[PDB]
Amino acid sequence: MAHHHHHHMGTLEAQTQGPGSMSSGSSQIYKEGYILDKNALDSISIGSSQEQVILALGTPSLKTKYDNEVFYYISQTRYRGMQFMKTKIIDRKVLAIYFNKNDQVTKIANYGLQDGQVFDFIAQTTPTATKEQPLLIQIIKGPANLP
């Protein structure tokens, strides 16, 4: 059976007058807020107050006063739960807030990645782990062990 093809179109308007002025600029927007992700804790920056860093990461499990006083965050696990699934995204990372007596961070030490792979910012060194097995997290979870 032959199917027919319907169609109908009307006229149009055409304004020849139009402003010719294009502007050019530059704006780079990059940030995150994945609080449920262990990368997010990178949000704290030098200067940030003790209350801020602890409000973001948590209160430090380790604390010591040397003339540049420092609080060590050792992100710890919990009790001997059901040992069925060997969780790989667990926390054993070492962070250290070197702050001034004005309760403000003047140096942030980190064990973990820096915008990519494991990088000791304060050490300026870059350790490496075969990305084969441990793709996003596991890389930082690998060497995640307090010395």
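Each step along the sequence shown adds one to the number in the authors' numbering, with nothing skipped, and position 37 is 37.
All residues carry an ideal CB built from backbone N, CA and C; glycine is no exception.
Nearest-angstrom beta carbon gap, residue j and residue i [assumed within contact, 8 Å]
i, j, result
"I139", "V118", "6 Å"
"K63", "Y72", "7 Å"
Rounded C-alpha distance that separates residue i from residue j
i, j, result
"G58", "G20", "55 Å"
"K93", "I46", "19 Å"
"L136", "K38", "10 Å"
"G81", "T87", "11 Å"
"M85", "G112", "23 Å"
Buried versus exposed, by CB contacts within 10 Å (16 or more), residue i
i, result
"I44", "buried"
"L95", "buried"
"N110", "buried"
"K101", "exposed"
Those residues which DSSP pairs with residue i across a bridge
i, result
"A96", "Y72 and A109"
"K63", "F71"
Own chain, CB closer than 6 Å to residue i, minus 5 neighbours either side, in chain order
i, result
"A40", "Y34"
"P127", "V118"
"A144", "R92 and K93"
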